[PDB]
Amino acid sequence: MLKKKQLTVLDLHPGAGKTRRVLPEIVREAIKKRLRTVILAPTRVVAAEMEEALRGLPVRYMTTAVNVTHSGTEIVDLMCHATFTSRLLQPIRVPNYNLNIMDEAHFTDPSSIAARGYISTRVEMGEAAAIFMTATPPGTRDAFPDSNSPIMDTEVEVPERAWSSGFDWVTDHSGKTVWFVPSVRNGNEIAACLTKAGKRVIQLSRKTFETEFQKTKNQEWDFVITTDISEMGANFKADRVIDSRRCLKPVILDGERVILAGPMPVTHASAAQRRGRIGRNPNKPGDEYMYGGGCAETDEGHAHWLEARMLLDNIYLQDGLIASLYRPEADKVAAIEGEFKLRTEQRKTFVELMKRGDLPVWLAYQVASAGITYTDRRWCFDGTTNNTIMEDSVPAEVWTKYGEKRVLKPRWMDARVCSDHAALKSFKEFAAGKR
């Protein structure tokens, strides 16, 4: 595995012990062989779990999710997938790691796809070794993989809205349930319904993940309503997974806008990861998995692969060369390598719109490629009337940095900036010049 020029895919089933058993073994061997090593966690919650599994070993934790006093002589760095990609984009120097380990190497966020592309290109070049750890590698057709104990799989109609009758089996359960919903807004409705019926509900999403996940250990709950974020190593002490089998897909229409299409079928990798939450205790067989639809390869034409190409086109590799996407996922986008390469000033704007502006990659690229400086927010108000952002069936309004009251009408419309109350609130602050 550790020998150069090689990319290994560690494809053990969910719960096989890739993070607590296999990962420390690789770390010990890497330290023994003096290989400068990077460990890539998908989220800060997995980083905290990796610290527990690697406790004692000399690892430099490049995250505030862990409170450790470093000796300064560690040759193994641990950071999130997005931190790795972010530091690659910024002027800061990143070591040319001899060994690159990616946990949950199935994560389809644009920064995870970009990191895989960068690492795999370095391996293809014969510069480094890499290990991609995942139960569901890119290209998996099995939604029912092995587990530590048997799982009862049941195809059933799963409600995607509040209900008065017809789904007795959902509330007539005395155990703990993790329920995957296609969106935050869809989860709010089902959560309000379960709460009204006397259930204790915790809700998880990308923006509230670290805070609310802690509640699943600190308090007694009946249901956990989550988006696809819990597919990335999140572990619960539950006996049932209710899976709508649906997700929202960002799609770039005619290269002019981004809409959130669907809800539509999840990939086999996602369905397997969602099912993978239960059947993890070999001493407690019989965990249930209720699924409400089929799988399809909805990652083809998904905006994240185009966005990954926008990140890689702006990461230095060697002179004019540009990193390719990891081979099993390179056909999910019809992009020309190098087409999103920006000049130095616009690239600096692109990076800042993502890091500080917190804008989606596609939106940041449209603003930076137009030659607009980071603090220039006039574009948030000069788009056509069909780009009017709506809040509560009425146009959203903001006070500009000039003190004028204006309707939010962005020149480039990206549905992710107003997909929920929290996203819209952050976009309003950005359009007003608050960050």
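Just count from 1 along the sequence shown to find any residue number.
- When 401-409 is weighed against 63-71, 63-71 comes out higher, by mean CA B-factor as recorded in the entry.
- 213-221 and 344-352 differ in mean CA B-factor, and the higher of the two is recorded for 213-221.
- The residue among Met50, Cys380, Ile39, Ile372 whose C-alpha atom has the highest B-factor in the PDB entry is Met50.
- By the numbers in the PDB entry, the CA B factor is greatest at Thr208 among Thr208, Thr267, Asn314, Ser111.
- In the deposited entry, the Cα temperature factor of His13 sits in the middle third of values across the chain's modelled residues.
- Ranked against the other modelled residues of its chain, the C-alpha B-factor of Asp420 as given in the entry falls in the highest third.
- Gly320 sits in the highest third of its chain by CA B factor, as recorded in the PDB entry.
- When the CA B factors of the chain's modelled residues are split into thirds, the value for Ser165 lands in the highest one.
- Residue-level temperature factors show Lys196 in the highest third of its chain, judged at the C-alpha atom.
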